[PDB]
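Undergrad: Structure in structure tokens, see below.
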Amino acid sequence: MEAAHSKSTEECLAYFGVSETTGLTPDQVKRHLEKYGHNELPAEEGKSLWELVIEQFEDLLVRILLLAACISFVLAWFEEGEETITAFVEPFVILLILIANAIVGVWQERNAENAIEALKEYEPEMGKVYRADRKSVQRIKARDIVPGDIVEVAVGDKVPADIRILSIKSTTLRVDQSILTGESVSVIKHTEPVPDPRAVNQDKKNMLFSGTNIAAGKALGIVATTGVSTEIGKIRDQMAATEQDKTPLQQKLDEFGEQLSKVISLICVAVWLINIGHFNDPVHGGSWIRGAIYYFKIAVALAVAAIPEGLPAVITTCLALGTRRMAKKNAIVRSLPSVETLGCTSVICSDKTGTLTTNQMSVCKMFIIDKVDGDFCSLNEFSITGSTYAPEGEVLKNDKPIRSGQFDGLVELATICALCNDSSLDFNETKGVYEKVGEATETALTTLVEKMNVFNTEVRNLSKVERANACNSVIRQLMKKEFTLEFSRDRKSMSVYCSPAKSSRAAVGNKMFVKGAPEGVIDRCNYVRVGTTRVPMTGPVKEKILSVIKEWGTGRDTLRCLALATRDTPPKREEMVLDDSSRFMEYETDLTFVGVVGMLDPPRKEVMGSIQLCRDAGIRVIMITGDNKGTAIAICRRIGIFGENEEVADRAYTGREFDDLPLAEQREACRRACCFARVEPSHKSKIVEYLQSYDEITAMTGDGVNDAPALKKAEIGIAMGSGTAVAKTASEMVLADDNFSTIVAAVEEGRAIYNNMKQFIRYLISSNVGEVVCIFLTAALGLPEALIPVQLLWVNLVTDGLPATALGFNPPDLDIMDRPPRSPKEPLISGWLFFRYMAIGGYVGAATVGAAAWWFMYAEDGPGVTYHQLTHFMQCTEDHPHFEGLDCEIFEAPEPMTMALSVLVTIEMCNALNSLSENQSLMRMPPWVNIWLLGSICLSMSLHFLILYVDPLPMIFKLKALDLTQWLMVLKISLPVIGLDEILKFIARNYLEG
Ligand SMILES: C/C=C(/C)C(=O)O[C@H]1C(C)=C2[C@H]([C@@H]1OC(=O)CCCCCCC)[C@@](C)(OC(C)=O)C[C@H](OC(=O)CCC)[C@@]1(O)[C@H]2OC(=O)[C@@]1(C)O
Ligand SMILES: [K+]
Ligand SMILES: [Mg+2]
């Protein structure tokens, strides 16, 4: 029964055909179970260990690599491991990488945490029902509860289903429902219907929501909805229906892999068509099986050359280290790839209280009526110092300090503040500061009362722990608080009914003290207090009171205002019914205005600057607040979201205004809006959707489980460190200190990170371009393998992987927050840069094949063949008494492969430095600029020598070291690559726009 809050207790009982005394019959439970299912959210999504690894191998590059391993493996068993038992080495290495990458997947997944699963923490194991088969109450499993059940809850109970309250057995029922409504304090429940079928949850005063807690009391209810139909259930389903898109880099890599298969596929065909002459060859006289093995030794080399096998390790280690750095700056990143999206944020939607502001409220201003005499009216306005909750401060009139007691209107103002107040103070000895007990707003009032000391209590001789509530306590001993009419939002006030306590001075009698939003309260005043006198409420006095309130709330003060008032002749006690807040407005009529208080919830100190950084970085900032629209706007002005004199008619909206627009104009509103006041959790999600319709990258804050769907949906959901576990698990990032400026500092890192990622991605991939060239020339010409997969893998995982991660530590651009957000569709390599790596790749694939061949042709220690057809090396076995007077195993020699492997290594070290900066020459941007980069390069070079010199490894790698001179040639060949990009860098700077 979705609409139970709007129905009476009788109607709900009749809807289900259940007695409040008996509960459901066993039959009814049977039938209700079948119709409505069990009371629980669905079991976790479907992914198993066997399934996990299949997903690890859906990847296109991973798929190609796997295949490569197989061909490698055949080559092993069908080539003599008796000539070289270092042949079964190649197929093995490949497989291993694939295992690591799949183990990466399962460790990451098994340690991941689903937000929908965090919801289930709000499901109690048990619940209590009355059912017909037994007279006394039954403790049963909560999942066995069914709609129509007569349920019982009490102090400490987590509420098992969405329940329409029937009967409150205790004198009062208080509920902690902060997780659903973000109401900080426990709230009173009642039993009467709530008229509006479209009432938001905060106004369903007669409902208990599944997952919340009973803070006090005891009550009997009827279950309205269960399982997926509850409020927390609807939230689960929104989340589950939310597909989170791939990060831009993820997309670009899938793009790469897609295209990389296509290219590789093309290259294979290419190979075979300059070697199409193999068809004009005689059927007999050729070892085909050696020719076919040749196109497969080259096939596996190709797959290995093209794939940046070390890239996922480098990407993840840079993000990891960025993350550690972010966490020292209060930004706790939950999703490693989020760092990139974070740097892309173009819109930040942020809650105000506690993140743009301190949520540390104090009363800064107050006024009472000084005099009313015709059209003449005079106020007494005061100011109050001290911004903390401490009793430290003074009251000032026209900047002069005054004694509050001297003003009759103020002793009454204080007593209203002291009594119309469910909050208090307490002094903490551990932290050494005063702290709030209750709402921030009301606690500001009890602080105000302490500063006013309106009876001049011997306060000087008072200790701190008792100083906290000292002045308040002498007011609480003057009137007896009989009962209180709790705040509700239909009337936006609350009141307390007091009788005179024992009085030495016989009072007028009972009083009601009320405080609330000024408009409503003031309208219900027929009198204004002037000192101890009372005068009828007139126009000039009203306008004067309201004009000041507007000033304080709407100007640079940005103060939240409460009107304070008392009812001098309340209804007779016996004529009041306290079980239905519907009547409380009527009880709070015919009041006398006594004063207004203005309190401030100040911006965090850093928030000013951050809003300006966002302006500088072209990031829109959207405030979401509970303030009225006029004060929301003013607060925006105060923190720089709006200029002080900027016209913001079309950039500010209330939930009410926003809903009243047709869908088209809701969307246009989101294009420019920077302030939403008094919204519904509904709206956060809608706002995100709209912003995504402008292809925005939206960060969005939240902290309750009611925020969870918007967090899930935003590109970056941002949770509060002090918020719910559920909100955190739905977020890409948690703010350890709740501070908005932490968002902005994380966006900065995200940009710095990605820029450095750009460089080592560009670098590794450009190397793979190169390798693919070498492998291509090997096959295209018909040379002995210049490079082997065993070697190429080593280069791609290790020797290039260290400068790659070193480029992760490229110092950041100083203007990195003076540029607009990066387009998510920005290609990593395109246009002109494409040409640059097109050229560099063409170089290294020639350098590597060259040195290998230079060992063969134009040789000092090689066959020394000057310009011979050592492209026909394969047919040297039978054709040696035909052509060669020389040997033939010289074509499987290590030294050519290690000439190639050495020029590859040396080249990439140089190209790492060309990669320190995209276009800045090492003229203006030296290589010492990256401290760690120069360091890492020297380490890989060691590792080069290690596979050249340490007794086990050379045979494994088909390598043999080269003496004092053969390196000169390695350097002759490989060193120039610097001069190439240094030129192409010069070009971009001076000729194309940039
Ligand atoms: C890695 C090895 C190379 C050989 C490769 O195939 O990558 C290609 C391809 C996949 C693209 C190209 C490569 O194409 C070429 O290199 C031209 C053909 C040369 C053939 C080689 C032998 C004849 C990238 C590598 O070329 C340059 C010149 O660097 C740049 C870029 O890659 C990126 O932007 C990096 C993405 C993380 C992509 O054009 C990319 O596809 C597009 O979707 C992008 C945007 O991805
Ligand atoms: K999200
Ligand atoms: Mg919230």
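Identifiers for the structure tokens are assigned positionally: chains receive A, B, ... in sequence, residues are indexed from 1 per chain, and ligands are indexed from 1 in the order shown.
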Mind checking which residues fall within 9 Å of residue 848 in chain A, counting only C-alpha atoms, ignoring those fewer than 3 positions away in the same chain, and posting them as a list in words?

TA: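 Once the adjacent positions are removed, what remains is residues 771, 774, 786, 787, 843, 844, 845, 851, 852, 853, 897, 899, 900, 901, 902, 903, 904, 973 and 974 of chain A.
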
Undergrad: Using only C-alpha atoms, which residues sit within 8 Å of residue 793 in chain A once same-chain residues fewer than 6 positions away are excluded, as a PDB file with N, CA, C and O atoms, in the first residue's frame?

TA:
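Written output follows (out-v8.pdb):
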```
ATOM      1  N   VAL A 304      53.268  -9.312 -30.094  1.00  0.00           N
ATOM      2  CA  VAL A 304      54.050  -8.826 -28.964  1.00  0.00           C
ATOM      3  C   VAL A 304      54.530  -7.386 -29.191  1.00  0.00           C
ATOM      4  O   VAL A 304      54.491  -6.554 -28.273  1.00  0.00           O
ATOM      5  N   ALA A 305      54.950  -7.086 -30.418  1.00  0.00           N
ATOM      6  CA  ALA A 305      55.423  -5.743 -30.750  1.00  0.00           C
ATOM      7  C   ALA A 305      54.349  -4.662 -30.613  1.00  0.00           C
ATOM      8  O   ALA A 305      54.651  -3.536 -30.248  1.00  0.00           O
ATOM      9  N   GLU A 309      52.224  -4.093 -23.346  1.00  0.00           N
ATOM     10  CA  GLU A 309      51.991  -5.094 -22.314  1.00  0.00           C
ATOM     11  C   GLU A 309      52.232  -4.574 -20.903  1.00  0.00           C
ATOM     12  O   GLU A 309      51.689  -5.111 -19.948  1.00  0.00           O
TER      13      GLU A 309
END
```

Undergrad: Could you pull out the alpha helix (DSSP H) residues of range 540-584 of chain A, going by DSSP on the backbone, and write them as a list in words?

TA: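 Alpha helix (DSSP H) members of range 540-584 of chain A, listed: residues 540, 541, 542, 543, 544, 545, 546, 547, 548, 549, 550, 551, 552, 553, 554 and 584 of chain A.
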
Undergrad: Between A:303, A:886, A:537, A:992, which is the closest to residue 66 in chain A once you count only C-alpha atoms?

TA: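 The shortest atom-to-atom distance to residue 66 in chain A comes from A:303.
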
Undergrad: For residue 426 in chain A, which residue among A:469, A:742, A:172, A:990 is the nearest when counting only C-alpha atoms?

TA: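 Of A:469, A:742, A:172, A:990, the one nearest residue 426 in chain A, counting only C-alpha atoms, is A:469.
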